[PDB]
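Raw coords.pdb, PDB, C-alpha atoms:
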```pdb
ATOM      1  CA  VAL L   7     -14.689   8.058 -17.697  1.00  0.00           C
ATOM      2  CA  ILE L   8     -13.282   7.267 -14.194  1.00  0.00           C
ATOM      3  CA  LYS L   9     -12.527   9.824 -11.434  1.00  0.00           C
ATOM      4  CA  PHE L  10     -10.224   9.407  -8.328  1.00  0.00           C
ATOM      5  CA  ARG L  11      -9.201  11.747  -5.660  1.00  0.00           C
ATOM      6  CA  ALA L  12      -5.567  13.103  -6.073  1.00  0.00           C
ATOM      7  CA  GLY L  13      -3.188  15.257  -4.047  1.00  0.00           C
ATOM      8  CA  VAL L  14      -0.389  17.675  -4.712  1.00  0.00           C
ATOM      9  CA  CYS L  15       3.206  17.688  -3.313  1.00  0.00           C
ATOM     10  CA  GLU L  16       5.359  20.566  -2.053  1.00  0.00           C
ATOM     11  CA  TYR L  17       7.045  21.752  -5.313  1.00  0.00           C
ATOM     12  CA  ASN L  18      10.751  22.451  -5.457  1.00  0.00           C
ATOM     13  CA  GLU L  19      13.881  21.929  -7.422  1.00  0.00           C
ATOM     14  CA  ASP L  20      16.138  22.231  -4.279  1.00  0.00           C
ATOM     15  CA  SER L  21      16.412  18.413  -3.968  1.00  0.00           C
ATOM     16  CA  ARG L  22      12.830  17.507  -4.892  1.00  0.00           C
ATOM     17  CA  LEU L  23      11.661  16.805  -1.295  1.00  0.00           C
ATOM     18  CA  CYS L  24       8.207  16.192  -2.604  1.00  0.00           C
ATOM     19  CA  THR L  25       6.383  15.866   0.622  1.00  0.00           C
ATOM     20  CA  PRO L  26       2.500  14.886   0.036  1.00  0.00           C
ATOM     21  CA  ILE L  27       0.167  17.718   0.982  1.00  0.00           C
ATOM     22  CA  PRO L  28      -3.107  15.897   0.796  1.00  0.00           C
ATOM     23  CA  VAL L  29      -5.676  18.541  -0.365  1.00  0.00           C
ATOM     24  CA  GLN L  30      -8.776  17.118  -2.037  1.00  0.00           C
ATOM     25  CA  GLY L  31      -8.433  17.444  -5.801  1.00  0.00           C
ATOM     26  CA  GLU L  32      -9.204  14.826  -8.435  1.00  0.00           C
ATOM     27  CA  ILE L  33      -7.421  13.125 -11.383  1.00  0.00           C
ATOM     28  CA  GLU L  34      -9.578  12.250 -14.347  1.00  0.00           C
ATOM     29  CA  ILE L  35      -8.198   9.248 -16.294  1.00  0.00           C
ATOM     30  CA  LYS L  36      -8.920   9.496 -19.953  1.00  0.00           C
ATOM     31  CA  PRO L  37      -8.188   6.422 -22.159  1.00  0.00           C
ATOM     32  CA  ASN L  38      -7.888   8.074 -25.642  1.00  0.00           C
ATOM     33  CA  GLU L  39      -7.306   6.175 -28.836  1.00  0.00           C
ATOM     34  CA  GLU L  40      -3.821   7.447 -29.705  1.00  0.00           C
ATOM     35  CA  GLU L  41      -0.704   5.204 -29.673  1.00  0.00           C
ATOM     36  CA  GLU L  42      -0.060   2.101 -27.483  1.00  0.00           C
ATOM     37  CA  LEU L  43       3.332   3.172 -26.099  1.00  0.00           C
ATOM     38  CA  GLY L  44       1.609   5.139 -23.327  1.00  0.00           C
ATOM     39  CA  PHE L  45      -0.470   8.230 -24.145  1.00  0.00           C
ATOM     40  CA  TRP L  46      -3.002   9.164 -21.423  1.00  0.00           C
ATOM     41  CA  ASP L  47      -4.256  12.609 -20.305  1.00  0.00           C
ATOM     42  CA  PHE L  48      -4.196  13.210 -16.604  1.00  0.00           C
ATOM     43  CA  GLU L  49      -6.394  16.135 -15.693  1.00  0.00           C
ATOM     44  CA  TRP L  50      -5.483  17.441 -12.199  1.00  0.00           C
ATOM     45  CA  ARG L  51      -7.668  20.197 -10.893  1.00  0.00           C
ATOM     46  CA  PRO L  52      -8.261  21.076  -7.321  1.00  0.00           C
ATOM     47  CA  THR L  53     -12.028  20.566  -7.105  1.00  0.00           C
ATOM     48  CA  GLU L  54     -11.769  21.942  -3.559  1.00  0.00           C
ATOM     49  CA  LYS L  55      -8.957  23.160  -1.332  1.00  0.00           C
ATOM     50  CA  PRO L  56      -6.138  24.648  -3.444  1.00  0.00           C
ATOM     51  CA  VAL L  57      -4.048  25.301  -0.232  1.00  0.00           C
ATOM     52  CA  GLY L  58      -0.727  23.505  -0.698  1.00  0.00           C
ATOM     53  CA  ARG L  59       0.697  24.879  -3.939  1.00  0.00           C
ATOM     54  CA  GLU L  60      -0.388  27.437  -6.530  1.00  0.00           C
ATOM     55  CA  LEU L  61      -1.991  25.386  -9.276  1.00  0.00           C
ATOM     56  CA  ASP L  62      -4.900  26.043 -11.538  1.00  0.00           C
ATOM     57  CA  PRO L  63      -6.867  23.526 -13.777  1.00  0.00           C
ATOM     58  CA  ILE L  64      -4.583  21.691 -16.267  1.00  0.00           C
ATOM     59  CA  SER L  65      -4.571  18.594 -18.511  1.00  0.00           C
ATOM     60  CA  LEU L  66      -1.070  17.176 -18.772  1.00  0.00           C
ATOM     61  CA  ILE L  67       0.083  14.749 -21.327  1.00  0.00           C
ATOM     62  CA  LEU L  68       2.033  11.514 -21.223  1.00  0.00           C
ATOM     63  CA  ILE L  69       4.899  11.004 -23.712  1.00  0.00           C
ATOM     64  CA  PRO L  70       7.191   8.052 -22.599  1.00  0.00           C
ATOM     65  CA  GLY L  71      10.503   8.401 -20.725  1.00  0.00           C
ATOM     66  CA  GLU L  72       9.643  11.982 -19.599  1.00  0.00           C
ATOM     67  CA  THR L  73       6.847  10.685 -17.422  1.00  0.00           C
ATOM     68  CA  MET L  74       8.306   8.150 -15.056  1.00  0.00           C
ATOM     69  CA  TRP L  75       7.039   6.508 -11.894  1.00  0.00           C
ATOM     70  CA  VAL L  76       9.413   6.432  -8.816  1.00  0.00           C
ATOM     71  CA  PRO L  77       8.152   4.208  -5.851  1.00  0.00           C
ATOM     72  CA  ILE L  78       9.671   6.542  -3.120  1.00  0.00           C
ATOM     73  CA  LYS L  79      11.204   9.986  -3.661  1.00  0.00           C
ATOM     74  CA  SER L  80      10.217  11.542  -0.329  1.00  0.00           C
ATOM     75  CA  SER L  81      11.981   8.917   1.726  1.00  0.00           C
ATOM     76  CA  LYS L  82       9.131   8.318   4.048  1.00  0.00           C
ATOM     77  CA  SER L  83       6.233   8.490   1.584  1.00  0.00           C
ATOM     78  CA  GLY L  84       5.730   6.378  -1.523  1.00  0.00           C
ATOM     79  CA  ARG L  85       3.728   6.564  -4.751  1.00  0.00           C
ATOM     80  CA  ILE L  86       5.507   9.589  -6.248  1.00  0.00           C
ATOM     81  CA  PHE L  87       4.416   9.980  -9.939  1.00  0.00           C
ATOM     82  CA  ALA L  88       6.841  12.507 -11.629  1.00  0.00           C
ATOM     83  CA  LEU L  89       6.388  14.549 -14.770  1.00  0.00           C
ATOM     84  CA  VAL L  90       9.512  16.120 -16.138  1.00  0.00           C
ATOM     85  CA  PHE L  91       9.401  18.949 -18.814  1.00  0.00           C
ATOM     86  CA  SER L  92      12.304  20.919 -17.495  1.00  0.00           C
ATOM     87  CA  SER L  93      10.403  23.318 -15.199  1.00  0.00           C
ATOM     88  CA  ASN L  94       8.096  24.506 -17.895  1.00  0.00           C
ATOM     89  CA  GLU L  95       5.277  22.329 -16.670  1.00  0.00           C
ATOM     90  CA  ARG L  96       7.208  19.925 -14.279  1.00  0.00           C
ATOM     91  CA  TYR L  97       4.948  18.889 -11.474  1.00  0.00           C
ATOM     92  CA  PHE L  98       4.949  16.129  -8.998  1.00  0.00           C
ATOM     93  CA  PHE L  99       1.783  14.241  -8.064  1.00  0.00           C
ATOM     94  CA  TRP L 100       0.874  11.561  -5.544  1.00  0.00           C
ATOM     95  CA  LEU L 101      -2.434   9.853  -6.026  1.00  0.00           C
ATOM     96  CA  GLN L 102      -5.157   9.496  -3.397  1.00  0.00           C
ATOM     97  CA  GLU L 103      -6.635   6.329  -4.799  1.00  0.00           C
ATOM     98  CA  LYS L 104      -9.416   4.798  -2.598  1.00  0.00           C
ATOM     99  CA  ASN L 105      -8.908   1.254  -3.876  1.00  0.00           C
ATOM    100  CA  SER L 106      -5.740   0.950  -1.842  1.00  0.00           C
ATOM    101  CA  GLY L 107      -6.170   3.849   0.668  1.00  0.00           C
ATOM    102  CA  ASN L 108      -4.119   6.961   1.207  1.00  0.00           C
ATOM    103  CA  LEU L 109      -1.304   5.446   3.197  1.00  0.00           C
ATOM    104  CA  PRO L 110       2.101   7.350   2.944  1.00  0.00           C
ATOM    105  CA  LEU L 111       4.560   4.595   4.110  1.00  0.00           C
ATOM    106  CA  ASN L 112       7.642   3.042   2.817  1.00  0.00           C
ATOM    107  CA  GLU L 113       6.922   0.134   0.529  1.00  0.00           C
ATOM    108  CA  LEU L 114       3.858   1.848  -0.984  1.00  0.00           C
ATOM    109  CA  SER L 115       0.338   1.414   0.585  1.00  0.00           C
ATOM    110  CA  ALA L 116      -0.684  -1.630   2.454  1.00  0.00           C
ATOM    111  CA  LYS L 117      -2.770  -2.875  -0.523  1.00  0.00           C
ATOM    112  CA  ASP L 118       0.275  -2.994  -2.773  1.00  0.00           C
ATOM    113  CA  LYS L 119      -1.107  -4.949  -5.739  1.00  0.00           C
ATOM    114  CA  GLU L 120      -3.579  -2.328  -6.985  1.00  0.00           C
ATOM    115  CA  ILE L 121      -0.784   0.176  -7.136  1.00  0.00           C
ATOM    116  CA  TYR L 122       1.625  -2.083  -8.955  1.00  0.00           C
ATOM    117  CA  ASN L 123      -0.844  -3.018 -11.732  1.00  0.00           C
ATOM    118  CA  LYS L 124      -2.155   0.537 -12.433  1.00  0.00           C
ATOM    119  CA  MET L 125       1.141   2.515 -12.593  1.00  0.00           C
ATOM    120  CA  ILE L 126       3.103   0.169 -15.017  1.00  0.00           C
ATOM    121  CA  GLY L 127       0.060  -0.281 -17.286  1.00  0.00           C
ATOM    122  CA  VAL L 128      -0.318   3.486 -17.932  1.00  0.00           C
ATOM    123  CA  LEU L 129       3.358   4.291 -18.696  1.00  0.00           C
ATOM    124  CA  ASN L 130       4.065   1.351 -21.133  1.00  0.00           C
ATOM    125  CA  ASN L 131       0.669   0.882 -22.882  1.00  0.00           C
ATOM    126  CA  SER L 132      -2.444   2.701 -23.670  1.00  0.00           C
ATOM    127  CA  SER L 133      -6.033   2.004 -24.637  1.00  0.00           C
TER     128      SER L 133
ATOM    129  CA  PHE F 856     -15.022 -40.060  25.036  1.00  0.00           C
ATOM    130  CA  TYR F 857     -14.442 -37.090  27.246  1.00  0.00           C
ATOM    131  CA  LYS F 858     -10.716 -37.864  27.182  1.00  0.00           C
ATOM    132  CA  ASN F 859      -7.622 -39.308  25.298  1.00  0.00           C
ATOM    133  CA  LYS F 860      -4.309 -38.331  26.964  1.00  0.00           C
ATOM    134  CA  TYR F 861      -3.530 -34.629  27.148  1.00  0.00           C
ATOM    135  CA  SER F 862       0.011 -33.677  27.202  1.00  0.00           C
ATOM    136  CA  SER F 863       0.631 -36.216  24.415  1.00  0.00           C
ATOM    137  CA  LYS F 864      -0.180 -36.947  20.831  1.00  0.00           C
ATOM    138  CA  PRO F 865       1.502 -34.255  18.608  1.00  0.00           C
ATOM    139  CA  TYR F 866      -0.229 -32.504  15.613  1.00  0.00           C
ATOM    140  CA  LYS F 867       0.021 -29.155  13.918  1.00  0.00           C
ATOM    141  CA  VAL F 868      -2.627 -26.469  13.880  1.00  0.00           C
ATOM    142  CA  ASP F 869      -2.676 -23.303  11.791  1.00  0.00           C
ATOM    143  CA  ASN F 870      -2.840 -19.853  13.519  1.00  0.00           C
ATOM    144  CA  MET F 871      -6.162 -17.992  13.323  1.00  0.00           C
ATOM    145  CA  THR F 872      -8.399 -21.163  13.301  1.00  0.00           C
ATOM    146  CA  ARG F 873     -11.001 -22.185  15.847  1.00  0.00           C
ATOM    147  CA  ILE F 874      -8.967 -22.841  18.948  1.00  0.00           C
ATOM    148  CA  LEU F 875     -11.273 -24.465  21.588  1.00  0.00           C
ATOM    149  CA  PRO F 876     -10.872 -23.444  25.208  1.00  0.00           C
ATOM    150  CA  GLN F 877     -10.088 -27.145  25.852  1.00  0.00           C
ATOM    151  CA  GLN F 878      -7.114 -26.903  23.390  1.00  0.00           C
ATOM    152  CA  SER F 879      -5.738 -23.478  24.331  1.00  0.00           C
ATOM    153  CA  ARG F 880      -3.676 -24.889  27.055  1.00  0.00           C
ATOM    154  CA  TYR F 881      -1.510 -26.952  24.715  1.00  0.00           C
ATOM    155  CA  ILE F 882      -0.593 -24.334  22.262  1.00  0.00           C
ATOM    156  CA  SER F 883       3.155 -24.924  22.296  1.00  0.00           C
ATOM    157  CA  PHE F 884       5.422 -22.739  20.217  1.00  0.00           C
ATOM    158  CA  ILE F 885       7.986 -24.021  17.739  1.00  0.00           C
ATOM    159  CA  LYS F 886      11.506 -22.858  17.379  1.00  0.00           C
ATOM    160  CA  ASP F 887      11.893 -23.129  13.505  1.00  0.00           C
ATOM    161  CA  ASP F 888       9.753 -19.919  13.476  1.00  0.00           C
ATOM    162  CA  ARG F 889      10.991 -16.953  15.567  1.00  0.00           C
ATOM    163  CA  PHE F 890       7.505 -16.592  16.955  1.00  0.00           C
ATOM    164  CA  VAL F 891       7.354 -17.314  20.712  1.00  0.00           C
ATOM    165  CA  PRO F 892       5.650 -15.040  23.430  1.00  0.00           C
ATOM    166  CA  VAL F 893       8.073 -12.551  25.039  1.00  0.00           C
ATOM    167  CA  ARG F 894       7.013 -13.805  28.575  1.00  0.00           C
ATOM    168  CA  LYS F 895       5.201 -16.957  29.852  1.00  0.00           C
ATOM    169  CA  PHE F 896       1.987 -17.665  27.961  1.00  0.00           C
ATOM    170  CA  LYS F 897      -1.515 -16.831  29.201  1.00  0.00           C
ATOM    171  CA  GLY F 898      -2.871 -20.421  29.065  1.00  0.00           C
ATOM    172  CA  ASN F 899      -5.804 -18.923  27.092  1.00  0.00           C
ATOM    173  CA  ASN F 900      -7.084 -17.340  23.901  1.00  0.00           C
ATOM    174  CA  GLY F 901      -6.298 -13.779  22.918  1.00  0.00           C
ATOM    175  CA  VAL F 902      -3.918 -11.341  21.056  1.00  0.00           C
ATOM    176  CA  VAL F 903      -0.462 -12.120  22.091  1.00  0.00           C
ATOM    177  CA  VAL F 904       2.814 -10.613  20.731  1.00  0.00           C
ATOM    178  CA  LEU F 905       5.061 -13.046  19.170  1.00  0.00           C
ATOM    179  CA  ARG F 906       8.539 -11.899  18.250  1.00  0.00           C
ATOM    180  CA  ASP F 907       9.713 -11.654  14.685  1.00  0.00           C
ATOM    181  CA  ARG F 908      13.477 -11.462  14.525  1.00  0.00           C
ATOM    182  CA  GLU F 909      13.878 -12.128  10.812  1.00  0.00           C
ATOM    183  CA  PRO F 910      11.997  -9.983   8.160  1.00  0.00           C
ATOM    184  CA  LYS F 911      14.267 -11.790   5.628  1.00  0.00           C
ATOM    185  CA  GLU F 912      11.922 -14.743   6.114  1.00  0.00           C
ATOM    186  CA  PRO F 913       8.487 -13.499   4.854  1.00  0.00           C
ATOM    187  CA  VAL F 914       5.945 -15.769   6.350  1.00  0.00           C
ATOM    188  CA  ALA F 915       2.183 -16.136   5.290  1.00  0.00           C
ATOM    189  CA  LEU F 916       0.094 -13.188   6.369  1.00  0.00           C
ATOM    190  CA  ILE F 917      -3.654 -12.450   6.960  1.00  0.00           C
ATOM    191  CA  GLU F 918      -4.539  -8.807   6.355  1.00  0.00           C
ATOM    192  CA  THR F 919      -6.720  -7.003   8.874  1.00  0.00           C
ATOM    193  CA  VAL F 920      -9.975  -5.447   7.582  1.00  0.00           C
ATOM    194  CA  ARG F 921      -8.196  -2.020   7.864  1.00  0.00           C
ATOM    195  CA  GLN F 922      -5.395  -2.957   5.444  1.00  0.00           C
ATOM    196  CA  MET F 923      -7.606  -4.552   2.884  1.00  0.00           C
ATOM    197  CA  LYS F 924     -10.019  -1.593   2.675  1.00  0.00           C
ATOM    198  CA  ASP F 925      -7.150   0.828   2.626  1.00  0.00           C
TER     199      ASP F 925
END
```
Would you mind writing the file out in structure tokens?
Amino acid sequence: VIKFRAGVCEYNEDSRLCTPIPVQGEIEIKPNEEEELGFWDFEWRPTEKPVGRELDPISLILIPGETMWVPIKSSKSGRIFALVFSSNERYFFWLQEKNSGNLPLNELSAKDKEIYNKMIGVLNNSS
Amino acid sequence: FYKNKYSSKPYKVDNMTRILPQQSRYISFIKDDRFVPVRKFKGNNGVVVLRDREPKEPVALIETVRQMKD
């Protein structure tokens, strides 16, 4: 297994402002052995600091075309990963990878190339 | 020699190489790149702001240690 730090967003359905609220939770990438069309389990739990949005430990699944990556949806902060389940378990997440820093600028982080590889690879294909 | 003929003999030199303090007086800016100093040049080595006026021309770039690590 591989762990990375991950943040929440401010959750709404008003227009989906999705501002990053940085907290200090963690994703846990799990590679599975189902499919090859994209099937990964992203476990978001706030290891520390839950202050930002009311969330509780959860492992959320990847089924294609329902889990979509959008490079900017804040309109001043990139890297918005979006899960849509029709407000049953819709959540927005923004990663706090430390292989490309935590920068919240237009045109992703400064180290772009790490982010471009990782995000496409997980949606389309799976281990 | 100690000498050739300074103020003559053209050749190009890449930015962010070892610029000698005996060749930092003859750094002369070209006009096919937007980059020229906003005011009259120092005559010396250092950080100097060169103006970009087209970001539709992406030019070669050297990341700082900040950008790479982040």
Using only C-alpha atoms and a distance of at most 7 Å, pull out the residues of chain F that contact chain L, as a ChimeraX atom specification. /F:922-925
Of the residues F:910, F:895, F:858, F:917, which is the one nearest to residue 872 of chain F, using only C-alpha atoms?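 Going through F:910, F:895, F:858, F:917 one by one, the smallest distance to residue 872 of chain F is for F:917.
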F:907, F:859, F:864, F:918 ranked by distance to residue 887 of chain F, top pick (using all atoms listed in the file):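 Looking only at the distances to residue 887 of chain F, the closest residue turns out to be F:907.
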Residues near segment 873-884 of chain F, anyone? I mean within 6 Å using only C-alpha atoms, not counting same-chain ones fewer than 6 positions away, as an MDAnalysis selection string. chainID F and resid 891 898:899
Distance in Å - atom CA of residue 869 of chain F versus atom CA of residue 890 of chain F: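 Separation between atom CA of residue 869 of chain F and atom CA of residue 890 of chain F: 13.2 Å.
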In Å, how far is it from atom CA of residue 31 of chain L to atom CA of residue 121 of chain L?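 One can read the atom CA of residue 31 of chain L to atom CA of residue 121 of chain L distance as 18.9 Å.
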Atom completion result for segment 859-894 of chain F (N, CA and C atoms) as a PDB file, in the coordinates of the input:
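out14.pdb was written with the following content:
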```pdb
ATOM      1  N   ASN F 859      -8.571 -38.612  26.157  1.00  0.00           N
ATOM      2  CA  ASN F 859      -7.622 -39.308  25.298  1.00  0.00           C
ATOM      3  C   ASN F 859      -6.447 -39.372  26.219  1.00  0.00           C
ATOM      4  N   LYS F 860      -5.482 -38.370  26.129  1.00  0.00           N
ATOM      5  CA  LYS F 860      -4.309 -38.331  26.964  1.00  0.00           C
ATOM      6  C   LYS F 860      -3.749 -37.021  26.583  1.00  0.00           C
ATOM      7  N   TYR F 861      -3.963 -35.941  27.366  1.00  0.00           N
ATOM      8  CA  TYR F 861      -3.530 -34.629  27.148  1.00  0.00           C
ATOM      9  C   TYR F 861      -2.251 -34.436  27.842  1.00  0.00           C
ATOM     10  N   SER F 862      -1.379 -33.797  27.039  1.00  0.00           N
ATOM     11  CA  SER F 862       0.011 -33.677  27.202  1.00  0.00           C
ATOM     12  C   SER F 862       0.777 -34.665  26.320  1.00  0.00           C
ATOM     13  N   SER F 863       0.016 -35.183  25.253  1.00  0.00           N
ATOM     14  CA  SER F 863       0.631 -36.216  24.415  1.00  0.00           C
ATOM     15  C   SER F 863      -0.172 -36.125  23.202  1.00  0.00           C
ATOM     16  N   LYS F 864       0.449 -36.780  22.160  1.00  0.00           N
ATOM     17  CA  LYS F 864      -0.180 -36.947  20.831  1.00  0.00           C
ATOM     18  C   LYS F 864       0.066 -35.698  19.980  1.00  0.00           C
ATOM     19  N   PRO F 865       1.174 -35.507  19.250  1.00  0.00           N
ATOM     20  CA  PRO F 865       1.502 -34.255  18.608  1.00  0.00           C
ATOM     21  C   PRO F 865       0.703 -34.073  17.314  1.00  0.00           C
ATOM     22  N   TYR F 866       0.190 -32.789  16.949  1.00  0.00           N
ATOM     23  CA  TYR F 866      -0.229 -32.504  15.613  1.00  0.00           C
ATOM     24  C   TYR F 866      -0.202 -31.059  15.373  1.00  0.00           C
ATOM     25  N   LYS F 867       0.017 -30.608  14.120  1.00  0.00           N
ATOM     26  CA  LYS F 867       0.021 -29.155  13.918  1.00  0.00           C
ATOM     27  C   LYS F 867      -1.296 -28.552  13.642  1.00  0.00           C
ATOM     28  N   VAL F 868      -1.407 -27.301  14.052  1.00  0.00           N
ATOM     29  CA  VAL F 868      -2.627 -26.469  13.880  1.00  0.00           C
ATOM     30  C   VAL F 868      -2.146 -25.072  13.460  1.00  0.00           C
ATOM     31  N   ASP F 869      -2.756 -24.599  12.364  1.00  0.00           N
ATOM     32  CA  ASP F 869      -2.676 -23.303  11.791  1.00  0.00           C
ATOM     33  C   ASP F 869      -3.151 -22.264  12.742  1.00  0.00           C
ATOM     34  N   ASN F 870      -2.504 -21.056  12.690  1.00  0.00           N
ATOM     35  CA  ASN F 870      -2.840 -19.853  13.519  1.00  0.00           C
ATOM     36  C   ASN F 870      -3.950 -19.105  12.900  1.00  0.00           C
ATOM     37  N   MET F 871      -4.943 -18.640  13.730  1.00  0.00           N
ATOM     38  CA  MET F 871      -6.162 -17.992  13.323  1.00  0.00           C
ATOM     39  C   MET F 871      -7.111 -19.087  12.731  1.00  0.00           C
ATOM     40  N   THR F 872      -7.331 -20.172  13.538  1.00  0.00           N
ATOM     41  CA  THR F 872      -8.399 -21.163  13.301  1.00  0.00           C
ATOM     42  C   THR F 872      -9.150 -21.195  14.552  1.00  0.00           C
ATOM     43  N   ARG F 873     -10.108 -22.112  14.731  1.00  0.00           N
ATOM     44  CA  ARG F 873     -11.001 -22.185  15.847  1.00  0.00           C
ATOM     45  C   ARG F 873     -10.211 -23.015  16.777  1.00  0.00           C
ATOM     46  N   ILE F 874      -9.732 -22.296  17.840  1.00  0.00           N
ATOM     47  CA  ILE F 874      -8.967 -22.841  18.948  1.00  0.00           C
ATOM     48  C   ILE F 874      -9.955 -22.896  20.064  1.00  0.00           C
ATOM     49  N   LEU F 875     -10.320 -24.116  20.522  1.00  0.00           N
ATOM     50  CA  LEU F 875     -11.273 -24.465  21.588  1.00  0.00           C
ATOM     51  C   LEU F 875     -10.696 -24.103  22.874  1.00  0.00           C
ATOM     52  N   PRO F 876     -11.451 -23.746  23.855  1.00  0.00           N
ATOM     53  CA  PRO F 876     -10.872 -23.444  25.208  1.00  0.00           C
ATOM     54  C   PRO F 876     -10.447 -24.668  25.980  1.00  0.00           C
ATOM     55  N   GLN F 877     -10.477 -25.879  25.366  1.00  0.00           N
ATOM     56  CA  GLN F 877     -10.088 -27.145  25.852  1.00  0.00           C
ATOM     57  C   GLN F 877      -8.882 -27.538  25.028  1.00  0.00           C
ATOM     58  N   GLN F 878      -8.339 -26.583  24.143  1.00  0.00           N
ATOM     59  CA  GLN F 878      -7.114 -26.903  23.390  1.00  0.00           C
ATOM     60  C   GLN F 878      -6.233 -25.685  23.374  1.00  0.00           C
ATOM     61  N   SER F 879      -6.471 -24.747  24.258  1.00  0.00           N
ATOM     62  CA  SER F 879      -5.738 -23.478  24.331  1.00  0.00           C
ATOM     63  C   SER F 879      -4.785 -23.446  25.462  1.00  0.00           C
ATOM     64  N   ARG F 880      -4.586 -24.610  25.995  1.00  0.00           N
ATOM     65  CA  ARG F 880      -3.676 -24.889  27.055  1.00  0.00           C
ATOM     66  C   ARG F 880      -2.410 -25.663  26.663  1.00  0.00           C
ATOM     67  N   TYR F 881      -2.417 -26.051  25.298  1.00  0.00           N
ATOM     68  CA  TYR F 881      -1.510 -26.952  24.715  1.00  0.00           C
ATOM     69  C   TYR F 881      -1.032 -26.416  23.483  1.00  0.00           C
ATOM     70  N   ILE F 882      -1.250 -25.068  23.339  1.00  0.00           N
ATOM     71  CA  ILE F 882      -0.593 -24.334  22.262  1.00  0.00           C
ATOM     72  C   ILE F 882       0.853 -24.151  22.642  1.00  0.00           C
ATOM     73  N   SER F 883       1.789 -24.815  21.906  1.00  0.00           N
ATOM     74  CA  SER F 883       3.155 -24.924  22.296  1.00  0.00           C
ATOM     75  C   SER F 883       3.912 -24.448  21.060  1.00  0.00           C
ATOM     76  N   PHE F 884       4.820 -23.484  21.269  1.00  0.00           N
ATOM     77  CA  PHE F 884       5.422 -22.739  20.217  1.00  0.00           C
ATOM     78  C   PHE F 884       6.664 -23.375  19.735  1.00  0.00           C
ATOM     79  N   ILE F 885       6.887 -23.333  18.430  1.00  0.00           N
ATOM     80  CA  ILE F 885       7.986 -24.021  17.739  1.00  0.00           C
ATOM     81  C   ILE F 885       9.093 -23.049  17.466  1.00  0.00           C
ATOM     82  N   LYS F 886      10.274 -23.606  17.240  1.00  0.00           N
ATOM     83  CA  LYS F 886      11.506 -22.858  17.379  1.00  0.00           C
ATOM     84  C   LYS F 886      12.069 -22.656  15.960  1.00  0.00           C
ATOM     85  N   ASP F 887      11.537 -23.358  14.930  1.00  0.00           N
ATOM     86  CA  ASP F 887      11.893 -23.129  13.505  1.00  0.00           C
ATOM     87  C   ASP F 887      11.287 -21.810  12.988  1.00  0.00           C
ATOM     88  N   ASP F 888      10.361 -21.197  13.744  1.00  0.00           N
ATOM     89  CA  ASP F 888       9.753 -19.919  13.476  1.00  0.00           C
ATOM     90  C   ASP F 888      10.197 -19.200  14.726  1.00  0.00           C
ATOM     91  N   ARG F 889      10.452 -17.890  14.543  1.00  0.00           N
ATOM     92  CA  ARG F 889      10.991 -16.953  15.567  1.00  0.00           C
ATOM     93  C   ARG F 889       9.909 -16.693  16.629  1.00  0.00           C
ATOM     94  N   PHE F 890       8.665 -16.889  16.169  1.00  0.00           N
ATOM     95  CA  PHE F 890       7.505 -16.592  16.955  1.00  0.00           C
ATOM     96  C   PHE F 890       7.298 -17.429  18.165  1.00  0.00           C
ATOM     97  N   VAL F 891       7.631 -16.820  19.338  1.00  0.00           N
ATOM     98  CA  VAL F 891       7.354 -17.314  20.712  1.00  0.00           C
ATOM     99  C   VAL F 891       6.989 -16.051  21.564  1.00  0.00           C
ATOM    100  N   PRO F 892       6.233 -16.169  22.677  1.00  0.00           N
ATOM    101  CA  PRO F 892       5.650 -15.040  23.430  1.00  0.00           C
ATOM    102  C   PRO F 892       6.869 -14.557  24.211  1.00  0.00           C
ATOM    103  N   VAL F 893       7.007 -13.253  24.396  1.00  0.00           N
ATOM    104  CA  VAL F 893       8.073 -12.551  25.039  1.00  0.00           C
ATOM    105  C   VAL F 893       8.233 -12.943  26.474  1.00  0.00           C
ATOM    106  N   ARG F 894       7.144 -13.288  27.173  1.00  0.00           N
ATOM    107  CA  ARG F 894       7.013 -13.805  28.575  1.00  0.00           C
ATOM    108  C   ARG F 894       6.155 -15.010  28.495  1.00  0.00           C
TER     109      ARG F 894
END
```
